[PDB]
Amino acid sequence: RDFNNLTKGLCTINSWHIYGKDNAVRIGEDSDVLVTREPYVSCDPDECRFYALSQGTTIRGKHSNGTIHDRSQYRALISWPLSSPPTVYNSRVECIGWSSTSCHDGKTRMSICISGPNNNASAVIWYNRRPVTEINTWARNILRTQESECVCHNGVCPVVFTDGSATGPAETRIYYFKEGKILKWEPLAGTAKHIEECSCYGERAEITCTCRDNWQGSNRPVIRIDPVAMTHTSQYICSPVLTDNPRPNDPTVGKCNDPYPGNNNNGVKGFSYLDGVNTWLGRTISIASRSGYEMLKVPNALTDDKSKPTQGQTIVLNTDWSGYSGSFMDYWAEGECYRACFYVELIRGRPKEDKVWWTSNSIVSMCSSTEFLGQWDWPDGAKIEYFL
């Protein structure tokens, strides 16, 4: 009908309830399930769907061998019904590429896929299921994007790309699209030293993205965007509760405008809901690997450099694998406020489970509740020994 506008604020988050889970690897052991990675969730005004980058093969298929590799000509952005597994028969391809983002603006959906050689990649923007705009690589080093949904406000959907080095300063830009066309683009500003895979959400006409500094920060950079004035700024989450991975152990005081040193040249896509005292951070439990996952309420994490957890909820136990995690919300749900949600990718296979030759994942997603619900852990659930 009309373009969606971010007119509400977040609901109070007192706990998290189970929203969706696809059990993809359990089911894929004996069904035509596609091998995937880099999943996310994204809503249209009438349906919320699961998304991920397919590897172009089923788990049990012979071509599943080698799917640890990130970029090839056989990947494509696919969507499928919420909580169903990504099967060969119920999956809709959105576009061809090894990096992506997608969001509905209220009228229709925009999907962006990037494909190509490391030095000659290009993004092709789709709007209403047709290619509209194309952007060629500017730094010649793996043009890449969010890997989770973008957000729009009155037709304008900012998207964050990064092109260049994974472990140095790189060239990051914020494009503002309206109906698949580019309205403008900015170089990254503020104090964030490196930006990768931003996880964004929107409330009260402002857009917040919690990204990943793959270079030196163990604390996460934040990009606040103003979709009306088409400007932005960046900093790091101040709190000592570090949320990247691998990372150092939490100190007693954090940094607001510089990476917290410790681990270099690595990370994991993650997110956070930053809302004053109503602030929750997500992080792997393990500081060493992508294992376990928990949510922690850390009031004023963004600005308070001594902020520590006041509440928590375990999502995945530290004995179970996790992986990418990002935010999304149903901007079209009835209600006075926007209910915060997030997904967690549960990686199975390589590199950790070397007994199999493939790498895939399933998804678990939760949304907030104003109640103080009891908690449960949500592991992938597949038994690797059944695949040998």
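When you see a residue number, it is the position in the sequence shown, counting from 1.
Here 190-198 and 99-107 are compared by their mean Cα B-factor, and 190-198 comes out higher. Mean C-alpha B-factor is higher over 303-311 than over the other stretch, the pair under comparison being 303-311 and 145-153. Set against one another, the Cα B-factors of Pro169, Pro158, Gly116, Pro86 in the record reach their highest point at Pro169.
The top Cα temperature factor in the record, among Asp44, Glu345, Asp30, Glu353, falls on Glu353. Compared with the other modelled residues of the chain, the Cα B-factor recorded for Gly254 ranks in the highest third. For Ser322, the recorded CA temperature factor ranks within the middle third of the chain's modelled residues.
In the deposited entry, the Cα temperature factor of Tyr338 places it in the middle third of its chain's modelled residues. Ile68: CA B factor lies in the highest third for its chain, per the PDB record.
Among all modelled residues in this chain, the alpha-carbon of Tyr127 has a temperature factor (C-alpha) in the lowest third.
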